[PDB]
Amino acid sequence: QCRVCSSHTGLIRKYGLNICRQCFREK
Amino acid sequence: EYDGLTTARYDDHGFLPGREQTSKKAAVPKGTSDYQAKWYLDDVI
Amino acid sequence: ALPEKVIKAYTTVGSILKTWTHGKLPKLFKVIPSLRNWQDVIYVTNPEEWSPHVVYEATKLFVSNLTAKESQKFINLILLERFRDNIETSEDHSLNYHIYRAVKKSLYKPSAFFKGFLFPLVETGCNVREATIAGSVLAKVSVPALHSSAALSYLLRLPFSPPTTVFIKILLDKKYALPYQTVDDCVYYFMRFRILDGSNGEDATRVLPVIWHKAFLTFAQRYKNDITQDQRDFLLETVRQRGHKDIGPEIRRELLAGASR
Amino acid sequence: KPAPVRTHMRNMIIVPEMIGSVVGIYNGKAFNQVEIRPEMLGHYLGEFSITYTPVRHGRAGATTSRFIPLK
Amino acid sequence: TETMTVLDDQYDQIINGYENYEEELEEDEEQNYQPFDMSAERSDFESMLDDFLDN
Amino acid sequence: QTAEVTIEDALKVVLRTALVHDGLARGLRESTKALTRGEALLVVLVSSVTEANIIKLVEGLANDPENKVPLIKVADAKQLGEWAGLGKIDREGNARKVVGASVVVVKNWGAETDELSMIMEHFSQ
RNA sequence: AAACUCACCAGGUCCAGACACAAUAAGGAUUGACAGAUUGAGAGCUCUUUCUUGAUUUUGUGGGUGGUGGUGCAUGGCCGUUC
């Protein structure tokens, strides 16, 4: 995530960008 | 009768009664945890 | 320029004790302070990037083993970047196990606590809450009062900080006596607002959050006698231009009533 | 019959030499008493485990404890 | 009411060493600026080391 | 061992006044045992003896003057117990009471390096 | 997918009293560069049985300084989000 949410589902450790699979169409 | 029942007087919309039909079988080998006792020597007759 | 008998001991150390679980440990990392060259000790500590076990019990490399001059250990600088980690290097900013188990009971010689592995705090940059965190250090293990008038004569000579007055809060229920070269340090604190024609300057408004209401409160606690007595109205500008309502009349009594120490 | 001395792994191999002694062996918690003989050859001491209250496919009575009585 | 009360003016004289901490740090440093040894690290220093490279 | 006059003016003026430091270690269990186990490099004694069951065997180091062996005595008995740690730590606001001792065993000296160790080599002439 | 991963488990202990004064506080309170016993299902740790100790700190206690309990309540910009 980037600190403007409490994002707990679909979490990301990949590649340091912290943008979810559900956040390619949001973030 | 206090010990000759299966269900308390809650009939009068609640429980289907859970029947615990005791059909025990022996535990022959040595050493038992919580688990392995009932799957020791099951002579399924 | 060193022989290769000793160079070939401290390069492949990241193969054995990376995952410290059990066993009887090898004997070429503990022998670093056994080397009489202690230029080769304090910098070959690998200070800040470890995996397993380090904030409370067991870092005592020079506290009570040796004297209290060179590694007099703890609170500012050399390991600041690990002291600033686990309050600031996660989004929840909480505590865990690598930042729990093996430093903070270094205090068994607390004369080996105030120069030499971390200490020189309020001179060259420090935020509001790093003797509040070390208030847990100074309020879960012992503190002398020998250093209390070494942390009242010294800390107020310097540029200003909230951790100084946090030390004041931790260290003026010790109730052990004031040297008279010291008492003038804490008081120059509220006067400089008006000009008579003492006539004052530009450094007018000093305000800080809640531990400032809890910590000037520590220099306003109990006594009346052992100050330089002219400094009463110097501190009564908390009722005069900063007037208080709730806990107001429970402040002003460092200077009014009790028999001093 | 000697004493049930405990042993708590799943990839350790016993060698047959020791006719006449007893060791208790890991089954998940407890220590199965084994009078150690040449009657085990290179197979795991921690193979002594089928660790569950048994799989209810013929008498499904503990599945009846998860269902819904309902008000 | 501290009055001498040894030794409050110095508190055994580790009281000036926080402002000039790198000036009382030299009150022990100059004596032991030492080069390297193989015989004075330990006496049998070629006997009490090799416990590491073989796990 | 014990203290001279110009170590009266060392001990009373410095160590007995060093009420925060108290760098001394005081006879019912251990100072003739400090003539047994071997952990006494400096001893400081007492001569207002009335607490002295072992001190009558510590005073084998009072009336036998190794020559670090100085022997001339001081008076006050409960010095550490009445001031400095074995009891009363009557100091800047304290008022305590624990029964103390009379037989100092100094091993180690801090910053006061050779202001305290004047009991070394200056009597046996 | 291997024990770790991996969010759970079958059994153990390194460790909690600071701040004041109260019992002992330097005859060992409690400290450590070490020698053993060390093992709980496999460990480092302890100092009763070499000796650093250095004034400091041991404990039945409570305000709570310790918010390294923040879930926060919104408040101040700032950009996923809603337009």
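No lab work stands behind these numbers, since they all come straight from the coordinates. Counting neighbours? That spans all protein chains shown, and the Cβs are built from the backbone with ideal geometry, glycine included.
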³J(HN,Hα) computed for each position of the range C:74-90 - Karplus, 6.51 cos²θ - 1.76 cosθ + 1.60, integer Hz, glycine/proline x = 7, 5, 8, 10, 6, 9, 4, 6, 9, 5, 8, 7, 8, 10, 9, 10, 7
message = Please report the projected area of chain C's Cα convex hull averaged over all directions, in nm².
response = 19.1 nm²
request  = Run the dipole for the protein assembly as shown about the Cα centre, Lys and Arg Cβ at +1, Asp and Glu Cβ at -1, nothing else charged, and hand back the magnitude in debye, nearest 20.
outcome  = 3440 debye
query = In the range E:1-50, with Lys and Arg counted as +1 and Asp and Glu as -1 at Cβ, which of these residues, E:36, E:25, E:48, has the Cα nearest the positive end of the dipole, that is, farthest along it?
reply = E:48
query = Which of C:172, C:255, A:9 sits farthest toward the positive end of the charge dipole of the protein assembly as shown, with +1 on the Cβ of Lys and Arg and -1 on the Cβ of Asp and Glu?
reply = A:9
query = What spacing in nm lies between the two simple spin-label points modelled at residue C:56 and residue A:27, each 7 Å away from Cα in the Cβ direction?
reply = 3.5 nm
request  = Provide Rg over Rh for the range C:1-139; use the alpha carbon set for both Rg and the Kirkwood Rh (inverse mean inverse pair distance).
outcome  = 0.98
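Using R₀ = 35 Å, calculate the FRET efficiency as 1/(1 + (r/R₀)^6) where r is the Cβ-Cβ separation of residue C:239 and residue F:94; round to 0.05. Mind showing how you got there, number by number?
On the way: r = 34 Å, r/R0 = 0.97.
So, using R0 = 35 Å, E works out to roughly 0.55.
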request  = List the equivalent ellipsoid semi-axes of chain D in whole Å, largest first, each obtained as the square root of 5λ for an eigenvalue λ of the Cα gyration tensor.
outcome  = 38, 12, 10
ask   = Along the principal axes of its C-alpha atoms, what lengths does chain F span, in descending order and rounded to whole Å?
value = 44, 32, 25
message = Tell me which of B:28, C:193, E:1 sits at the most positive position along the dipole axis of the protein assembly as shown, charges placed on C-beta atoms (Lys, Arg +1; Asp, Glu -1).
response = B:28
query = So what's the gap between the Cα centers of the range F:32-98 and the range C:1-51, to the nearest angstrom?
reply = 46 Å
Surrounding net charge for residue A:15, when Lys and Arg each add one and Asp and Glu each subtract one, Cβ distance under 14 Å = +4
note = One can check that the equivalent ellipsoid of the protein assembly as shown, built from the alpha-carbon gyration tensor with semi-axes equal to the square roots of five times its eigenvalues, has lengths in Å, largest first, of 61, 42, 31
query = In whole angstrom, and with the biggest value first, how far do the Cα coordinates of the range C:68-147 range along each principal axis?
reply = 39, 28, 21
inquiry  = Placing unit charges on C-beta atoms (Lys and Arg positive, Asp and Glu negative, everything else neutral), compute the dipole magnitude of chain E about its Cα centre in debye, rounded to 20.
reply    = 140 debye
inquiry  = As an exercise, find the ratio Rg/Rh for the range B:6-45 from alpha-carbon atoms, using the Kirkwood inverse-distance average for Rh.
reply    = 1.23
query = Are any of the pairs D:1/D:29; C:30/C:104; C:27/C:105; C:73/C:140; C:69/F:88; C:69/C:104 more than 27 Å apart by Cα-Cα distance, and if so, which?
reply = C:69/F:88
query = Taking neighbour Cβ counts within 10 Å as the exposure measure, how do C:237, F:66 sort from fewest upward?
reply = F:66, C:237
message = Translational diffusion coefficient of chain E at 4 °C, 1.567 mPa s, Stokes-Einstein with Kirkwood Rh over Cα pairs, in µm²/s as a whole number.
response = 81 µm²/s
message = Looking at the protein assembly as shown only, what percent of DSSP beta bridges run antiparallel? Nearest 5 please.
response = 90 percent
